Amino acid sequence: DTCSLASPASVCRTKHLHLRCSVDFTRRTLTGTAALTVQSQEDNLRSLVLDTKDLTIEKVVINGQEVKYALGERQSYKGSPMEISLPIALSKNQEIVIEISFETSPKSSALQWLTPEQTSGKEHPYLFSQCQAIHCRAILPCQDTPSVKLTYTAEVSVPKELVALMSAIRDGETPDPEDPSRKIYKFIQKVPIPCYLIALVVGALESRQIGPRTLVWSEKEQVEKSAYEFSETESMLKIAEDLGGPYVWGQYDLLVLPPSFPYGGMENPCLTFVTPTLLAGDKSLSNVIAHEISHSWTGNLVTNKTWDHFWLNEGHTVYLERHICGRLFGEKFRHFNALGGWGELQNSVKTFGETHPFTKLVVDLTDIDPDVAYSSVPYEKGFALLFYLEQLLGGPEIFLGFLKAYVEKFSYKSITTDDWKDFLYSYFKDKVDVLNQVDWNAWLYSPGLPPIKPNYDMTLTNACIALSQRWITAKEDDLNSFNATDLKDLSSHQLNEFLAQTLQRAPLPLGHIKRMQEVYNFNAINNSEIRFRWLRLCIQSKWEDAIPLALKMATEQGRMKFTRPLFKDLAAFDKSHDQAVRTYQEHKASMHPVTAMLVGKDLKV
């Protein structure tokens, strides 16, 4: 694991974390102890190395006594390695508890601390974590690699008027014995997990039940809207269970976060985190819930061994997500989303350049901050491979037998791309000859678009392409013929694909874009996917009226998918360039630390 500084799993393995901590909003720190139950994997183990990032270590205690440890020099985004001297050499398989008293930094890359005014209520502050990929080390010292799986319990002291939740089953609350203004919330995760899956939120939260095993959590003002948007959750879970096997995590809860949450979703076990930008009014961005749910098998049960193999998490999840959406809405809809996905892949490979190392399916993250390498490639190129293999091996029903068996095979383990491919060869051993016509070295290791494009039903996509081509081939004297009735028989999804198609050939003349707004009133659409593509199109086609609208969306929410390219587009447009950097600098302090960093690089500030 080249993104980690800790002792690898071949040396020692954490089996358990007991986390006792207190959330202090006055200092914006979390303080407490992390007791790691560690098992030696080798004879005569005398030292052990842990990942940390911007942590302040008070002490380290084993068998009731303080021991020697030292902090290495910082290695940029990887943080600083912590070497602990064991008081007694350990034999193979021996286990000890190591108790580390620590404090986080207010600058922790895993954390965003929000003032009361940054929340919906305006009365209380809020805190959330985001550990994927390598941010867990910025909360607590650990072996910060997905190659190692541990269970955990935690006890979290917070101001009594707030709620704490984690990626675990709730196990009771009580007043803090050491401070009656505080509550302690207790948590147990009985299923071994990689530590990137550890999560915490503290805020003024309420819950409403929406299925036999799902509560929605968010601030008071978002609850009602959230319970409607996500009401299909149980029925998606049921489908995912038929596809991948039993849901083993107990509860499937949903937290709807303040708008600066950086991602569409994070598949935290027992408690998926989502962006409030999913709240369209009409359930249309639900693909994202199906994605999150699907991770309960692909990534949370079978996990990538290192981040070079992330495509295993994401490809299989997008594969299952799309099947779910195909069961609910039909096979032609699965093909629509898949083809859209391919178009997202063209964009990413155009953006990076077709020989860019990050357009490889398997990458080498040696000396690369995973947050800099992150994009749609592992999602859409990985999904593209699996879709290709599906058509090649005899269809969806057959490839789903493999996906289910693949989940049973590698449950509770961490794997590499070769583990995946060896299993693929074993399961289809009667089709080894078909398997060998695949160009493995290209699909897995070459940059750029994959070397073969699957087949796609075009039924639902045609009308989108048709209308997009009308706009692009149109001259001045054709603009009159565009009319609101053009949108008549398009779902929001087809409207989104319409724009996506059009965005790919941007810029268009300004007169076209003005006419589009004249007749389709896209300025009124609140659907965040559609609005995003629309503002992008307007900004790249140089419409100055779009400037305030795009600055507002870029900053009112902070989903990296939207905020990063809106800022880029704004910076590349001479008229908005200066407000773009200006707005970034005035918002920078109150941004998610990871979003802030990446936007800052994107703008060269």
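Numbers for residues come from their place in the sequence shown, where the first is 1.
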Ranked by mean Cα B-factor in the entry, 431-439 and 138-146, top stretch is 431-439
For the higher mean C-alpha B factor in the entry, choose 310-318 or 401-409. 401-409
Checking the entry, which one of 476, 234, 178, 292 has the top C-alpha B factor? 178
Largest Cα B-factor, entry values, listed residues 385, 288, 349, 240: 349
By the entry's values, the third containing the CA B factor of residue 585 is the highest
Of the three thirds of the chain ranked by Cα temperature factor, residue 554 occupies the middle
Temperature factor at the Cα of residue 39, chain-ranked in thirds, falls in the middle
Just say lowest, middle or highest third for the CA B-factor of residue 542 relative to the other modelled residues in its chain. middle
Chain third (lowest, middle, highest) by recorded CA B-factor, residue given as residue 112: middle
